[PDB]
Amino acid sequence: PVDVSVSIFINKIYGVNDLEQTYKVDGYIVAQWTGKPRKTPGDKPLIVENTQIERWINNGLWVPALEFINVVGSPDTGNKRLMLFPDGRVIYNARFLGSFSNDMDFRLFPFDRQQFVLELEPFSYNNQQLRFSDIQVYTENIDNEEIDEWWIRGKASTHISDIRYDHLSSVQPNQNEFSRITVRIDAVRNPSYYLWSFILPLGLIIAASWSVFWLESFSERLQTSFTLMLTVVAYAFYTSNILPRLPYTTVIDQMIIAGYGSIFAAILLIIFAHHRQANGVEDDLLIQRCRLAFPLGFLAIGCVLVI
Amino acid sequence: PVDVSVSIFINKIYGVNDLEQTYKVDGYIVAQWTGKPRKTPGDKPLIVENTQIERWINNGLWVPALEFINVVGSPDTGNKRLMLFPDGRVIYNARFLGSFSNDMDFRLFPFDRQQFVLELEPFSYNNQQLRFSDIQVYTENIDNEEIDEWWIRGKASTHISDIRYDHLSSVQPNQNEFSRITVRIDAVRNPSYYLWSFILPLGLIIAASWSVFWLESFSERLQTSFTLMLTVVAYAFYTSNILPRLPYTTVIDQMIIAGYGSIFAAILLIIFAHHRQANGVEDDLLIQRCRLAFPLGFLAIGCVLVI
Amino acid sequence: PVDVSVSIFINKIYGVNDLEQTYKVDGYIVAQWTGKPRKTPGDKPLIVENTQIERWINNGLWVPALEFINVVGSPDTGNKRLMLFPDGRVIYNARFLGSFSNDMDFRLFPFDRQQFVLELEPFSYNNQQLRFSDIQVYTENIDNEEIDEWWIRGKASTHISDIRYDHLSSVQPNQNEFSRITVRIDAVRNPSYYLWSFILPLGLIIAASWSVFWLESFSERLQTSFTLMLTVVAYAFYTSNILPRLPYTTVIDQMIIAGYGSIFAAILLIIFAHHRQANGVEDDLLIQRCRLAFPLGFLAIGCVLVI
Amino acid sequence: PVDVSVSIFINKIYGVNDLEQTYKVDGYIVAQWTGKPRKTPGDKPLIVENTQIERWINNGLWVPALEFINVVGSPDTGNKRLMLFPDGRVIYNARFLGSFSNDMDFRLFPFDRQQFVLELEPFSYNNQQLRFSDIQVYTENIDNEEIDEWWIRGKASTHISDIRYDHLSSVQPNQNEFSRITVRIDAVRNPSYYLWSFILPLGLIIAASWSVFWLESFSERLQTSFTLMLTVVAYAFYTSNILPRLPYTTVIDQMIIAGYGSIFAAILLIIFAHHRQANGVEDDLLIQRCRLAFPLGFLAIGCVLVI
Amino acid sequence: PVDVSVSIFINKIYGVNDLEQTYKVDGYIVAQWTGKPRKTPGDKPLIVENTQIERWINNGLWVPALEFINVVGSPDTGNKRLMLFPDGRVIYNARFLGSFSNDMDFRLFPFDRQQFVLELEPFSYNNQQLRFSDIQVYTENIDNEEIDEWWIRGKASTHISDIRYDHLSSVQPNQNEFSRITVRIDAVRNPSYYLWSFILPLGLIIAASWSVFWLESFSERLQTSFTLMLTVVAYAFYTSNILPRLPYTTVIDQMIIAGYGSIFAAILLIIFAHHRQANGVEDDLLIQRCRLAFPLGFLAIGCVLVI
């Protein structure tokens, strides 16, 4: 079994696609192993670049293909090079930009946190072993973080493991285990923007809707709710267009649904206070009570949301 | 007739395009057959990868082209390999990402269910037979389902069949039958998100639209309807922007049309009650009767929609 | 002049682009002609696939290049094969997906009808003749039509013709005429969705805008129109976002312009009735007359639109 | 210096990108020159297509590379051919679809006019001269123009010129002038659609915004302006979504600003008339005077816009 | 160490992607060095174009690969040429279109300024030195600037430097320093468009929101505020749709937040003025005081934003 030392340099992780749970990874991949020694020009290690690489493979050079398991589509490899050492060492280095897949839970959207993972595996050989994996995720940790959309927490975690493929041929008596390198990078989304421009005005609108009970007439109370109703419909739009599309509801969405209910419940209480008492009494002890209680009932439901 | 065994590993099904009735399929495809035996290095099976494969084809190796019938454009093939066994067996294994077509009816959008199908066929040979197809659609069934957008119902259904092409040449006496593999995976859309954030407020708005009869004056009844009319127009927008575009009306759209109809009929009844009775009588027994009947008439019409 | 027989299988025509007047065509293309006889393996017709095809061309095989004249960008050819017959016949067969251009008039948008055309022509040879064209547009005609967006009317029409190129070199004495195959498929757009979800509510709003005259006060009449005015501005949006972008006005767009005019003319009549009569008379014989006449005047102008 | 005759056939100019000032050009490019005579099959001119072309270049055939100077990215070349004459003439013919760049001023958007230009230049040779350029822009001039988005004014203008590159090597004593072909096609945008569906209703709303002065009360005057204000805010949206994005303001945009100014100035005048006269006189000679003057003040400012 | 002279011609910088912090660069790249002399046809420098280039590399020609460090994905290279001088000089010249990454701060969006940088480095050699870098950023400086979206300030800054790579193999004793060319182009965004069509009406709306205090009744004051609230929500949409998406708040967005705050504070003050005084007094000295103070309090807060 050949010992392969790999190294993955991660320049930038960007372009998170929430609809498809993908993310782009630009960087380099390096792999080193030692083979049969070789006659080189003079005796320094030889450099073979791009199109010249396959010429050496046509003459018999063994270069194994390592596949990104969780990739989404063939990645774009930039320049690639072979470094042929006289003592037998061989170093493959290639620039790449690829889109990778992983299960991503966005339910607590403004305050959510995700991990971007890479999974590397030889495509055809199980009799070949990844000896050690070193990643260099040397993007900043204390340079730009509050300004950046994502907060990288710690240095990336590595784990070389063995995957057992059961469904295989009938000619391998026992060789159905492959070497898989798994890189994981944890990050927390910066909620600063979504708080100020989305969660804050959504709070401002929800609160001001309770000011309908400070209207004196009943006609003023019920008609105003429908203009407030329209405003909630409009603010759900301003969010949904900018906010990413999802198959599920976020925290902000729960806030929006709470809006529709607070206004509809206000419409109920406003109409309830009118026709609850006999002979047309307006139950003014309700309008003034819920004038402050209706603000309080919403705050109590919000904490059981975090139950 | 050559016996060809295929195996299709499905990693992820995503990216449903409702406008064009298409869907993306990422995974692997493996094909094995036995030909004339071959001298290999030593005698272990030889592995030939990517660019090296066509070198063997140029020297005479027969590798048939298998085409996805219902594909939409040439698929993106990642790494590909040939496993040449000394006894004559040949194993082709390749990663692919492709977009596939099938007839998809989205009319009952929030609660719809579809089946994603693959159709595989040799491009040039009918004297060559697909012997058995094993698919490994080992995406989850009981891990994330309520969280995931689609619910896979059962393991994929397979069907090897024979397609008769009539319009052909004049030189084939009887050989116009080709082997087609047809895989089918049934899935149900998770309506959770579309219910809470779209159907519920649409119900809240449609329901609250009936509270126009609880206003006392006629001027209040007719003018408020125009503000409610605007809200339904706005809510049709909020839906149409996020919801996928379709050549037909969905359930939600019928609800929207029911919204427009519920409001317009109220305007008729509101104007009807004013000028229906002689000498300016306001038919107060109608406003109060339809005060509860108008909510019920909508609920009664909704059940005949499910007729 | 070499005799070449072509056949075009059309699997699916989709993806109509109204801004650029283009549409996608997926299917197969087959071409057969007879050349000098040939020594084949044994004596069965030889099948040459994809990358192996150009190998035969390098050794002298004559395979003319056929170009889609009205294509928009080089088409995506999937698998391609050569079937080499011993008697001299040669069969080229290839799967293709291409984008094609044609003049498309969308002015009567919901109810418009178009025809998708293909134009095939040899790229370099006039001393070589297309003998007959048979198309197999065996997409359904009576399976899904009310559910499908477009209605195919009849079997596709074919026409091989001759195009005269004047601007050419100075060395051709008379050879400036090339063989062009022209296929045409006529189709009518299904307006069901645009009627129910777009044309129907647009009528409801236009009609209900006339109910402003059933308001008793003049202040009620003029102020409500501005809320109705805003509604028409909003509904032009809901259409324009979903509806395709065009360089000209459609039927629906003409409907919207009538909306702005119906509301603006009402504002004029509402203000006219106020200040037309001496000493502040409100010309009540106008408000009630146009109470039904304003609905009728719109219906009368609509028929002269179809003049 | 070799004499090269070019000819450019333009099938369709489409896909104007206003954000990046680019446009797509589908058509053909032909080039002819005479070299050393040549032995051809029999003695007819030989035709070499696509993949076969580079075979002749590897054997020594001189085929210079002509670059589109103002191209945006490598263009999509379809089929390509070489016509080799026995007397030495060589004819290269190729289909292409490319995106081209030019400086475009969109400030007068609905009524603007542009010119589409191509610039062709040899990539490596200055000792080789483009002898004459003939373009065949045989797209219609009197077929579809009012229906088409753009109006081609005249036949394309041509200009072969010499471009002096100063910053070059130190080994060329004087050879730093290259032959550039410059083709120009003038076109005027058809404003029909943008007039009816955008400029017309924008006038209707701006005009109808002035109808606030025919309201009797002061409370009616001030509150309605805010609904008109929202309507202008809404109509600015309807335009901006459909209208192209630009780094500068168009004519329609100037109309919108005049709208906000017409409404904001109205809001100022409405509050001014209330509190301008001592002891609460309502300055009724202002409301009626600007009832007609405010439409005129807007019309007076509009002509100085075309100053 | 080989001395390599590069020259970078920049035709156009466009297509800034604010989501991914990228920008497109179209232009040419030239590189010259001197090697062992060479026998050329006759003795003039030989020109080798495109596909013919690798032919010389297969025969042994040393052409180093130079990689764009801050590129995002492999760039699109148009035509490429080699100029082989007899004395040993070699000139590589190629057209390219590439997307480049750099840290870009958009927080002061309308009035922001950025610098577009390029970083060039050999892909495999440290024993080869970039001798001097000359850029020809000869895009206009005084032709169209007020019309153009970006303002280039000065001639581009260059800097060849040495980057020390630590994490390397174990066989290099001290050779871990590479030559990096760094080009920087500073530019200021033209705020003309964003000022007129976005910041101005936002001021007009924010200012006109203070006119709610000129209403006489309390019911007029509170109900109108909810109509103004909707306008700010709508105007937050009109901005967000056209304006580029960002992970943080811009100046305009801060202005939007101030809008929501100015309106909500008015709603508090409007409700505060009603119920602040004993026995239902309406505190008329506040509505009139904040009638002008609320405009001033907003202006006072705005200057501390630029603190």
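Protein chains in written order, with the authors' numbering: chain E, 11 to 317; chain D, 11 to 317; chain C, 11 to 317; chain B, 11 to 317; chain A, 11 to 317.
We treat Cβ as the ideally placed atom computed from N, Cα and C, and that holds for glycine.
Inset, instruction - With distances taken Cα to Cα, identify the nearest neighbour of C/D28 among C/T260, C/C300, C/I277 and C/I170. - result: Taking the third sequence and counting its residues from 1, one reaches residue 28 of chain C at position 18. Among C/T260, C/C300, C/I277 and C/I170, the Cα nearest to that of C/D28 belongs to C/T260.
Legend entry - 8 Å Cβ cutoff, C/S272 in contact with chain D: As a working mapping, residue 272 of chain C is identified with position 262 in the third sequence. C/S272 does not count as touching chain D.
Inset, instruction - Could you please give the first and the last residue of the uninterrupted alpha helix (DSSP H) stretch that includes E/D263? - result: As a working mapping, residue 263 of chain E is identified with position 253 in the first sequence. In the DSSP assignment, E/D263 falls within the unbroken alpha helix (DSSP H) covering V261 to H285.
Legend entry - N- and C-terminal bounds of the beta strand (DSSP E) containing B/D53: Your numbering for residue 53 of chain B matches position 43 in the fourth sequence. Per DSSP, B/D53 belongs to no beta strand (DSSP E) and is neither H nor E.
Legend entry - Proximal chain D residues relative to E/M239, where beta-carbon distance stays under 8 Å: Translated into the one-based positions of the first sequence, residue 239 of chain E becomes position 229. Within 8 Å Cβ-Cβ: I215, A218 and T241.
Legend entry - D/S167, enclosing beta strand (DSSP E) - first and last residue: Residue mapping note: residue 167 of chain D aligns to position 157 of the second sequence, counting from 1. In the DSSP assignment, D/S167 falls within the beta strand (DSSP E) that extends over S167 to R174.
Inset, instruction - Express the C-alpha separation of E/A288 and A/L302 in angstroms, rounding to a whole number. - result: Numbered from its first residue, the fifth sequence carries residue 302 of chain A at position 292. Numbered from its first residue, the first sequence carries residue 288 of chain E at position 278. Cα to Cα, A/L302 sits roughly 47 Å from E/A288.
Inset, instruction - Find the nearest neighbour of A/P201 within the set A/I152, A/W224 and A/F119, judged by alpha-carbon distance. - result: The residue given as residue 201 of chain A occupies position 191 in the fifth sequence. With respect to the C-alpha of A/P201, the residue from A/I152, A/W224 and A/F119 having the closest C-alpha is A/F119.
Inset, instruction - Could you round the C-beta distance between B/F308 and B/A268 to whole angstroms and report it? I think they count as a contact, below 8 Å. - result: By one-based count along the fourth sequence, residue 308 of chain B stands at place 298. By one-based count along the fourth sequence, residue 268 of chain B stands at place 258. Right, the Cβ-Cβ distance comes to about 7 Å (below 8 Å), so this counts as a contact.
Legend entry - Endpoints, beta strand (DSSP E) assigned at A/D196: Numbered from 1 along the fifth sequence, position 186 holds the residue referred to as residue 196 of chain A. Element bounds for A/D196: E187 to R199.
Inset, instruction - Taking 8 Å as the threshold, find out whether the stretch 171 to 182 of chain A comes into contact with the stretch 34 to 49 of chain A through three or more Cβ pairs. - result: The count of Cβ pairs closer than 8 Å, one atom from the stretch 171 to 182 of chain A and one from the stretch 34 to 49 of chain A, stays below three, leaving the stretches out of contact.
Inset, instruction - Can you give me, in chain order, the residues of the stretch 101 to 115 of chain C that have a beta carbon less than 9 Å from any beta carbon in chain D? - result: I101, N103, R105 and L107
Legend entry - 3-residue-minimum beta strand (DSSP E) runs that sit fully inside the stretch 21 to 48 of chain B, ordered along the chain: Look at the stretch 21 to 48 of chain B and you find these whole runs of beta strand (DSSP E), each 3 residues long or longer: 32 to 44.
Inset, instruction - Measure from the alpha carbon of A/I173 to the alpha carbon of each residue in A/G164, A/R105, A/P132 and A/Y102, then state which is nearest. - result: As a first step, residue 173 of chain A must be located in the fifth sequence, where it is residue number 163. The shortest Cα separation from A/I173 among A/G164, A/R105, A/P132 and A/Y102 belongs to A/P132.
Inset, instruction - Note down, in chain order, each residue of its chain lying with its Cβ closer than 6 Å to the Cβ of C/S167, except the 5 sequence neighbours on either side. - result: Taking the first residue of the third sequence as 1, we reach residue 167 of chain C at position 157. For C/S167, where only same-chain residues beyond five positions count, the Cβ hits under 6 Å are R194.
Legend entry - Check whether E/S250 and A/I266 have beta carbons under 8 Å apart: As a working mapping, residue 250 of chain E is identified with position 240 in the first sequence. As a working mapping, residue 266 of chain A is identified with position 256 in the fifth sequence. The criterion of a C-beta distance shorter than 8 Å is not satisfied by E/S250 and A/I266.
Inset, instruction - Measure from the C-beta of D/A244 to each C-beta in chain C and report whether the shortest distance is under 8 Å. - result: Numbered from its first residue, the second sequence carries residue 244 of chain D at position 234. D/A244 counts as touching chain C.
Legend entry - Beta carbon of C/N154 nearer than 8 Å to that of D/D294: Working through the third sequence from its first residue, we reach residue 154 of chain C at position 144. Working through the second sequence from its first residue, we reach residue 294 of chain D at position 284. At a Cβ-Cβ threshold of 8 Å, C/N154 and D/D294 do not count as neighbours.
Legend entry - Distance between E/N89 and A/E77 (C-alpha atoms, nearest Å): Walking along the fifth sequence from the start, residue 77 of chain A turns up at place 67. Walking along the first sequence from the start, residue 89 of chain E turns up at place 79. Distance between the alpha carbons of A/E77 and E/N89 is about 7 Å.
Inset, instruction - Give the secondary structure of E/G108 by DSSP, where H, G and I count as helix, E and B as strand, and everything else as coil. - result: Working through the first sequence from its first residue, we reach residue 108 of chain E at position 98. Residue state, collapsed to three classes: strand.
Legend entry - Contact check, A/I216 vs A/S134, beta carbons under 8 Å: As a first step, residue 216 of chain A must be located in the fifth sequence, where it is residue number 206. As a first step, residue 134 of chain A must be located in the fifth sequence, where it is residue number 124. Result no, Cβ atoms of A/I216 and A/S134 do not sit closer than 8 Å.
Inset, instruction - Hey, could you find the ends of the beta strand (DSSP E) A/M93 is sitting in? - result: Taking the first residue of the fifth sequence as position 1, residue 93 of chain A is located at position 83. It spans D86 to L94 - the beta strand (DSSP E) in which A/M93 sits, taken as one unbroken run.
Legend entry - Separation of B/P183 from A/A75, as counted between CA atoms: The sequence position of residue 75 of chain A within the fifth sequence is 65, counting from 1. The sequence position of residue 183 of chain B within the fourth sequence is 173, counting from 1. Using only the alpha carbons, I get a separation of about 30 Å.
Inset, instruction - Confirm, please, whether the CB-CB distance from C/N151 to C/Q185 is below 8 Å. - result: The residue given as residue 185 of chain C occupies position 175 in the third sequence. The residue given as residue 151 of chain C occupies position 141 in the third sequence. The answer is no: Cβ separation not under 8 Å.
Inset, instruction - Note down, in chain order, all residues in the stretch 141 to 162 of chain D with a beta-carbon under 8 Å from any beta-carbon belonging to chain E. - result: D144, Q146, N154, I157, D158 and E159
Legend entry - For A/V181, the three-state DSSP class (helix, strand or coil): Working through the fifth sequence from its first residue, we reach residue 181 of chain A at position 171. Correct three-state label for A/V181: coil.
Inset, instruction - Give a yes or no on whether 8 Å exceeds the smallest Cβ distance from E/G25 to chain A. - result: Counted from its first residue, the first sequence places residue 25 of chain E at position 15. True, the Cβ-Cβ gap to chain A drops below 8 Å.
Legend entry - Interface flag, B/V82 vs chain A, CB-CB below 8 Å: Looking up residue 82 of chain B in the fourth sequence gives position 72. Chain A contact via Cβ: present.
Legend entry - First and last residue of the uninterrupted alpha helix (DSSP H) at A/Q62: For the purposes of this step, residue 62 of chain A is taken as the residue at position 52 of the fifth sequence. Here the alpha helix (DSSP H) through A/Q62 covers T61 to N68.
Legend entry - First and last residue of the uninterrupted beta strand (DSSP E) at B/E77: What you label residue 77 of chain B is simply residue 67 of the fourth sequence in a count that begins at 1. From DSSP, the beta strand (DSSP E) with B/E77 extends over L76 to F78.
Legend entry - Reduced DSSP secondary structure (H/G/I, E/B, other) of D/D115: Counting from one through the second sequence, the residue named residue 115 of chain D turns up at place 105. Residue state, collapsed to three classes: coil.
Inset, instruction - Have a look at D/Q146 and D/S17 and give me their C-alpha separation to the nearest angstrom. - result: As a position in the second sequence, residue 146 of chain D is number 136, starting the count at 1. As a position in the second sequence, residue 17 of chain D is number 7, starting the count at 1. Straight-line Cα distance between these residues: approximately 8 Å.
Legend entry - Interface flag, B/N184 vs chain A, CB-CB below 8 Å: By one-based count along the fourth sequence, residue 184 of chain B stands at place 174. No, because no Cβ of chain A sits closer than 8 Å to the Cβ of B/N184.
Inset, instruction - Using the DSSP secondary-structure output, state which residues sit across from B/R123 in a beta bridge. - result: By 1-based counting over the fourth sequence, the position of residue 123 of chain B is 113. DSSP lists B/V198 as partners of B/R123.
Legend entry - chain C within 8 Å of B/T234, Cβ atoms only: Counted from its first residue, the fourth sequence places residue 234 of chain B at position 224. A Cβ of chain C is located within less than 8 Å of the beta carbon of B/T234.
Legend entry - Cβ-Cβ separation, A/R123 to A/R199 (assumed contact under 8 Å), whole Å: Here residue 199 of chain A refers to the residue found at position 189 when the fifth sequence is read from its first residue. Here residue 123 of chain A refers to the residue found at position 113 when the fifth sequence is read from its first residue. Between A/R123 and A/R199 the Cβ distance is about 6 Å, and since that is below 8 Å, they are a contact.
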